[PDB]
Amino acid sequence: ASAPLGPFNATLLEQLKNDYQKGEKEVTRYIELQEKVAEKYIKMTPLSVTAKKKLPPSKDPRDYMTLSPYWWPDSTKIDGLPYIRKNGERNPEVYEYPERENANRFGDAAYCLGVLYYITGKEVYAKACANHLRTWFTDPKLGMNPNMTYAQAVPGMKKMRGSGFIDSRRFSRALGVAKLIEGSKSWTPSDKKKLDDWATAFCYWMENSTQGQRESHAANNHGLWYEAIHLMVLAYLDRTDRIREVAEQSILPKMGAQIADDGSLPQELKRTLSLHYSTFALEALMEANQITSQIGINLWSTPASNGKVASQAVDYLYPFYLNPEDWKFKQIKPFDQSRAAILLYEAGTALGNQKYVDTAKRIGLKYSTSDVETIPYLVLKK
């Protein structure tokens, strides 16, 4: 039977579960290594957005807040309130908001535990996953409010900012993995109802707040990630009707706007990590397609109304994934080729492009990596 609908390559996860259940040696050894890695997540104390001591403007510790990193107090002003941007200089104030890193740590823990529950069926993983989900999302004292109002805030700024919504992606992947523990003993009907209610409220905020509306209309990388996150929330809520609408009406029009006829991504080439950022834009499409393809929509091969296919953007980048030294644009730090391997595998498999798939495997991923996002990709670790 098919995996539950969620934010992962369901084809590979199903293969892992099936092969594990039948005791195939290479898969069993691999999953045993994943269980060894997971043990720190069984031990880990569940995190909460309420850890910060600094209060958001709402004075509510349950509101997620991070500081937009290049913004600083204006000493020309007394309370310094209208913060000013200092290009290239990261403000150390960002460390007053531990959710900047704690949401990633929660997200990794729940993703790993939920995926291992699906593969192994061992109740200990659903029990630990559930503990993390309840504390981060639904606990009446520790759970976060279902909004991203203060994500990458600029204190004192009069116009609200929508660009911090991209911080939602790691906890929203964990939200989606909660579907894998449905039916476990540890995840009760009452647990599910609370998380369904939270996700419904978060979806309302995403769709109807002014910040969410802005992000829903941004024809750029922020808008594409907004829709990938949107799809994760909708998939968790089983709103496959809405997933098809978003895919047809919002994702394909946005992707084209970032691409050129040469297939480059103009908005990302100007950045100082332009190969990383080109990959990051296409990873939004990649994660969107993981969900849409489970219900029958292949985003990699679907032409936009003007013909563009996002495959053209991968085609543009392929020679530089093969030979990153030939990249002429600013990449002031070394490019992480492992993200390229996953992207080529996903696109290559969706397009039936065997050259992309072979290259993904030749680049490969480290077999012993502890990156939870790579757990499905034994196919790249051999």
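Residue numbers here begin at 1 and follow the sequence given.
- Annotation for 280-288 versus 151-159: the higher mean temperature factor (C-alpha) is found in 151-159.
- Of the two segments examined, 114-122 and 302-310, it is 302-310 that shows the higher average Cα temperature factor in the deposited entry.
- When the C-alpha B-factors of 337, 28, 66, 50 are ranked from the entry, the top spot goes to 337.
- For the set 60, 326, 346, 32, the maximum C-alpha B-factor listed in the entry falls on 326.
- Ranked by Cα temperature factor within the chain, residue 3 sits in the middle third according to the deposited record.
- Residue 136: CA B factor in the lowest third of modelled residues in this chain (values from the PDB entry).
- When the CA B factors of the chain's modelled residues are split into thirds, the value for residue 247 lands in the middle one.
- Residue 186: CA B factor lies in the lowest third for its chain, per the PDB record.
- Split the chain's modelled residues into thirds by C-alpha temperature factor. Residue 72 is in the highest one.
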